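To start, the structure itself, in structure tokens.
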Amino acid sequence: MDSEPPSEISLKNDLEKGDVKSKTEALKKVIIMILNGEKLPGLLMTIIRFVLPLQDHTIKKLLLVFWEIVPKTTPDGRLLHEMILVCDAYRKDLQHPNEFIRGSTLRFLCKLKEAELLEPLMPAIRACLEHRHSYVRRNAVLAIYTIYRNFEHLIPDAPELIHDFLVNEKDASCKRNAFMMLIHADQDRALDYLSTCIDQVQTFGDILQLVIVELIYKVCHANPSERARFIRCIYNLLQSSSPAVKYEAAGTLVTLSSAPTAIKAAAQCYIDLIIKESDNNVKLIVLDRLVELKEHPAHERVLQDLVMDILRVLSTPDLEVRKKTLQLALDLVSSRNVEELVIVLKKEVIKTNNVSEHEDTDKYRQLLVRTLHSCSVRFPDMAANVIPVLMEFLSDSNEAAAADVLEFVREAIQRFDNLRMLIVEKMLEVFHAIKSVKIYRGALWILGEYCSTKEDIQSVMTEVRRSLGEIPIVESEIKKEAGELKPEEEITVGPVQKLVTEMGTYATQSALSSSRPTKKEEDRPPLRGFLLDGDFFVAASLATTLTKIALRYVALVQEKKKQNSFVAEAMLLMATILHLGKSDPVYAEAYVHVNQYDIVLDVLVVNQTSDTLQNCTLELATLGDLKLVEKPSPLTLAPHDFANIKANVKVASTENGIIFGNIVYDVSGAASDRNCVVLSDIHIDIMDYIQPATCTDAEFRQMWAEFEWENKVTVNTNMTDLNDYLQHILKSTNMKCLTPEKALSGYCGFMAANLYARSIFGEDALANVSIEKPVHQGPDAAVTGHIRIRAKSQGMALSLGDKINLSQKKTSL
Amino acid sequence: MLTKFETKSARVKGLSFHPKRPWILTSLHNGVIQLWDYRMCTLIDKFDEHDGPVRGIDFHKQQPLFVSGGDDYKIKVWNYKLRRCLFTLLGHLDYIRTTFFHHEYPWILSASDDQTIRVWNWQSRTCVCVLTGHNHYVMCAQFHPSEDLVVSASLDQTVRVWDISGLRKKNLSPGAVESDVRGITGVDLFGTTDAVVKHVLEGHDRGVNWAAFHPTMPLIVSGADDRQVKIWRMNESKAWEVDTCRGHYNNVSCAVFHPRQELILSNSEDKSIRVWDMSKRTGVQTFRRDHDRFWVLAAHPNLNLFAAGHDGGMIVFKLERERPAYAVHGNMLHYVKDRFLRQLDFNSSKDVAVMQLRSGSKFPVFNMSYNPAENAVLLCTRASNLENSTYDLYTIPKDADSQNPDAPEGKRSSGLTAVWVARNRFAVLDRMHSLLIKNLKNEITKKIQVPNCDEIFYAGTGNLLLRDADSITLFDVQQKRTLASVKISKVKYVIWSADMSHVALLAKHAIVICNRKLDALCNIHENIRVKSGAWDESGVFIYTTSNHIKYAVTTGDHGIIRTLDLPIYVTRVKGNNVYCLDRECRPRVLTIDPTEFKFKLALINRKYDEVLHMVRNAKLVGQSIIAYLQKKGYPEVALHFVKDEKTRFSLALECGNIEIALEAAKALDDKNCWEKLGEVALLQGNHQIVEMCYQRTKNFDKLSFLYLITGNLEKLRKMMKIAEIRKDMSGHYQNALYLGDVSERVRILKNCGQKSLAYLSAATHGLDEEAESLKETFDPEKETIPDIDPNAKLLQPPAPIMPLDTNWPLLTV
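Those protein sequences? They're chains A and B, same order as listed.
Here the first sequence stands for residues 16 to 598, 724 to 953, where the numbers follow the UniProt record's numbering.
Here the second sequence stands for residues 1 to 813, where the numbers follow the UniProt record's numbering.
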């Protein structure tokens, strides 16, 4: 009988039957239905009658079982007395020669904090005063303590009965087996006795002595219990810069992340931390101790650095461990992050050296070039390293492989003015075999800026200019680029001037030069030719032309703040980006009142009628996410009764199977068809059910992408900013205004709120409230705001859309 | 036709409509019976009462029960509230096809396929009667709304009308003493197979499977095994009244009358359900719903919906109206037609209804419209949207078609539509499907007029002649011109004040009440759109927005007057009463009370003495009397209710006299209140009151600070000691400075162990001896001269004021 709540009639029958097995099974079936929480008092006389005196342990044990989980509730066969049918003949049970029945009886009897059993539990310590097992003596210290807990904090429970009444706790210390139920409030002499016992311990018993009294002067003295306290005590005597090298903490710690890569990744972190405490700049974070595994002697054999190499990773162990490991290389050794990121990047970025680090997918290659290159932009020393490695990247000599390479290096030159003169000659080489945009773009920029340095350019450019591949974006990049630097410093059959001619043709003009350009018609609609066409005031010469622009870098460009940079090593970053970091007539009148922060729905129940409505009961219901914190409890609604009855309200619950409308309120009365009527007290909305939750800009952005929010409305009374009406109203449809999606200035400055919720509707809810408050001569519609809304199938989107207008209720009875 | 309900259950042999409530029972061939709340969508019960087909099903609503008959050969009675079998009885010896319940005593009738229908009395031991005649199966037994007679449809080619209180049927010749039944050729030929004959009816269509009545007619229609339906008079057994409806293709299981339409609805065991003309008695149209065969039919005796049972399940289907146009005059609701004929007026919480003569509608409603003075009703008839029909005007208090044909009142004339309009006796009509104006020449206008025409909009309903083709257009009195057009969001309704000059329109929050043309007088405060609400011409606006009728406002007061037990629409407010009718159109009325209204009419006119009487438990709530009256910043209302320890606290800061605060603060059992009121106290000016508070919040150090500022020296010392012990070094420390000598610090600091600080303080005052004590007890060296003096005079003249600022003067207003 797993859980069957109607079966009590059969149990009575089964409980006495003249067959002992049946009786045991019955009583067992009662236990299992109560434990789940089901019907049990009908049976009581039957249950109690067979078992009572006997020394036959199994039925007695079963009855003994049922007296610690419901004795108080059941009363057919027990009623209320001092020597109840729980203990009257269980004084026999306590005083049987078999330890088990006595012991069991003692154990339940003393366990209860019952006051209708207080006297019978007190000399119940007799059953276990003699200690036939470790179990008997432990059973005794726990039972005396449980007696002490049960209203006997004074002389009824404190001395000895004949050996224990609160003194097993003392005795246990010096006896062969220990266990101290003495944790609080008990004899001082036993506490003292436990200390002595630390030495003459029994190990289970030591965990009991130890919860009470901890800290040792020793190293130990033995056993897991003492050992477990000991690592706590050690952390005290050296708190300083974490544990560093984990103590006896290490054993539990592995299981704490049994799923399976995460342990190594964690372990790797600690091992890296431990090596050294470095400068602790941007991603140079290694704490713990400065010297404890050093770094870098030149006589150390086979050195520290061997372990450091693991941390430099491509994936060399698996991805979770990889992400931890790349950060960890950066963390022990660099200048900041820059130094060790360049080494690390050199390995990752595409080459002709190894083909286990090159790939023909263009974005990844490109990104890897940008990561290597960002290190230079960060720190100078890296410029010198980066440029020759970049030329190796080029040497791959696939159209695309060159292409990616050329694209970053060209950015580097914008930063690094006439420093990378050397690269230009390498960069031209792979520009001729071509099937893509990227190669043309980049090459034309290097060869263009670099012209003073070289003289090749008609020849290199011209094979490509009459070759094909994909050429949209090529136009833009060649347009600003081709002439640049020194007015007449090249010549192969086209000097720098031919280049300016070319540069202009490629931009949007027409001219025979480099055997004509591939295309002329520019990239995306805004860019066009014209700016540059106007430009080249002084023909490709460092002055105030293309050259200027080329040998200068747009805004601030420093660090790895992503200003001509990309922020570490490209593969590690994907993982970091991913991390969102999300945090019968009846009359009612009613108002909601709050006194001393108690929120209640006031209801007055009125019988305007002369007719009888007796049988009157009042209930507030649990609909779904609405709940009663206590229904109105008066038996009112009688002939010409006016009553004030208070129903307390909650807003947060779990969905019930009954209707999901406004608030259900139920009054009952006389009638047999409609004994229960549902009638209303004032408004509560569907919107309550939504649950508020919040987003950060990353979670908002991810969800924006994840599912559409095209749906918009413009809501009146969003004249005001985010903070005022809009927040308060948004709150009531369990929403909250978080992070921005705005871009403010002297022409821009709609207020933008990123909203989130996680509705109990199987959807989230998100929105952006844009408040069109004029920051221009031509506003949208002046003050008002357009709320762009969604939910996960946009079923709550709509709630956001209208619950940001207005919202107010009041009455004054 | 609209599908209200459709639940696939599999082959439903029996179907019955509850006459009390809008419920359906179905008995299935699968042996399951189900009771459905078809409007609510909630399964009431489900019983497998027999293995095989259960062919008959009935409601036994005399006490809240359902009755079923199955092929167990029994009529069983079942509880729908307790789900138990109330009683079981032996109907017959074969299939119970249909069962019917007597309302005389708990007698049950069962019709069987063993050729008898019997009635059995449970209450006693008796089987009271057996009604015999059939020679082949009584397929169905059906109640009329009177309980005296029943009809049975049997497949021996007859319909037998029975008496249930009678032995079989009940009749006796007054022209002879002999039995009505003749077994010989008389004026008709039949056998001897009855006790007597009251009415043997034709059923010839090779046996009639079912018979049923229209709720208000003696006429019955029967569907039979062939492919015809035959309509019979059961009240005379005429054969000059019986017409045959032809359309079906195979054995017609049933045919019953549609209560609410002038059509007869039939269903057959082919695959079609066919609808029949009830003024022509032949098939108007056939529908296939492709659930295959239909073995049962049902027409609602509560005139709700209509239902037919099929071999896949059953459907209850809808041919009814939703949201009808209406207006209330003084005690008369006038509404546009809905099910259950004409009803209205009276009740206030019951879903019962009762009749009064106030029918605005008494013929197909092309238009129903009130006079703006409310003295006539215009009902436009003979449908059409061509250019002509008829319009009949009725008098508003009690309505006939014509009142007298010899009197100006109740006349009729032609006009496609006619609808009343302002000037308060006028009407405007369409009689060419243009806007024509109507006069009669004095009194409420009844006579057709052809002058004046327009070329915009198209005739329909209204109350000011509403016409639509893209908007709701109000038309003028004596001008062809459009008076104005309204475009707004609606909840399917148009709400009139009661006078039909004015109109109320529903908007995004609540409703707005407006005058003639579109001019907004005010907006009803309430978050959501109300279902309906009406204004007693202006001022007292009463509305429904849920299940309760509450006043938006009366004289600036706000109240919920009372709740009803059903959702409802306000019919309008004309008089003190507000009258309501819902979708089904059951009435509720409510007297506008002097409950909530008097209380706040009184509080507004600053009467508190009046207001105490006014306080009743029909309007007490929690915050409109006992805590709403704690909402004046110069307490007035606040003074009156102050019973809550919080309201008392509040009251005190709003005056600025915190003498009451401390006590409320006390009774709020809280420290925070004492410190905050103490601060307010310092603000009224007096520091005695501040001290007491601040002392018990334990801000001895704030006090220490306050105290020279206040100019006490005695009190300042008390603070020093009781802050000494706390080691508040910006409490105990203060006071020594503040008195002319520093000695207080010296000891406190000694106890802190701050010997240095203690010496410096002491030494400077020239208490070098104490300074030395501190040095000697602790580490010496007192010689050192810090960035502050270590021995330069400290003396201050403490507080020149003789009366202190604990004794700050006050008068208090």
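Ideal placement from N, C-alpha and C gives every residue a C-beta, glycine not left out.
Proximity test, Cβ basis, 8 Å: residue i and chain A
i, result
"B/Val-621", "yes"
"B/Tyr-628", "yes"
"B/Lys-508", "yes"
"B/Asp-270", "no"
"B/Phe-599", "yes"
"B/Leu-564", "yes"
"B/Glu-636", "no"
Reduced DSSP category for residue i - H, G, I as helix; E, B as strand; rest coil
i, result
"A/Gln-754", "coil"
"A/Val-357", "helix"
"B/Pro-587", "strand"
"A/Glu-729", "strand"
"A/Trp-460", "helix"
"B/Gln-684", "helix"
"A/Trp-82", "coil"
"A/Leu-546", "helix"
"B/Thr-3", "strand"
"A/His-868", "helix"
"B/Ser-272", "strand"
Short CB-CB distance (under 8 Å) between residue i and chain B
i, result
"A/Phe-782", "yes"
"A/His-823", "yes"
"A/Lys-786", "yes"
Chain C residues whose Cβ lies nearer than 8 Å to that of residue i
i, result
"A/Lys-950", "As a matter of chain content, chain C is missing from the structure shown, whose protein chains are A and B."
Beta-carbon proximity list for residue i, same chain, < 8 Å, skipping 5 on both sides
i, result
"B/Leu-506", "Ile-488, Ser-489, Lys-490, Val-491, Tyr-493, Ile-495, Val-512, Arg-529 and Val-530"
Cβ separation of residue i and residue j, assumed to be a contact under 8 Å, to the nearest whole Å
i, j, result
"A/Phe-394", "A/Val-353", "4 Å"
"B/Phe-294", "B/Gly-309", "6 Å"
"A/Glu-363", "A/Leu-345", "About 13 Å separates the two Cβ atoms, so there is no contact after all."
"A/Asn-154", "A/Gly-118", "6 Å"
"B/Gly-415", "B/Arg-431", "4 Å"
"B/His-300", "B/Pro-259", "6 Å"
"A/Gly-809", "A/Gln-754", "7 Å"
Nearest residue (CA-CA) to residue i, options the options
i, options, result
"B/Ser-253", "B/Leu-357, B/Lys-13 and B/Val-450", "B/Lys-13"
"A/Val-791", "A/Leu-766, A/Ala-810 and A/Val-804", "A/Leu-766"
"B/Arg-39", "B/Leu-2, B/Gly-678 and B/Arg-616", "B/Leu-2"
"A/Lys-76", "A/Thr-89, A/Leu-109, A/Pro-90 and A/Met-827", "A/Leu-109"
"B/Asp-163", "B/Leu-155, B/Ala-141, B/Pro-174 and B/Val-177", "B/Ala-141"
"B/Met-720", "B/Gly-711, B/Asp-701 and B/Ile-709", "B/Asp-701"
"A/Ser-451", "A/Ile-438, A/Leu-434 and A/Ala-416", "A/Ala-416"
"B/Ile-24", "B/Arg-11, B/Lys-280, B/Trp-122 and B/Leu-43", "B/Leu-43"
Residues of its chain near residue i, where Cβ-Cβ distance is below 6 Å and the 5 sequence neighbours each way are ignored
i, result
"B/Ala-736", "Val-742, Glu-744 and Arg-745"
"B/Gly-360", "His-334, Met-368 and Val-377"
"A/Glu-839", "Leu-595 and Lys-597"
Cβ-heavy atom distance, residue i to the ligand SAM, below 7 Å
i, result
"B/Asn-515", "The ligand SAM is not among the ligands present in this structure, which contains no ligands whatsoever."
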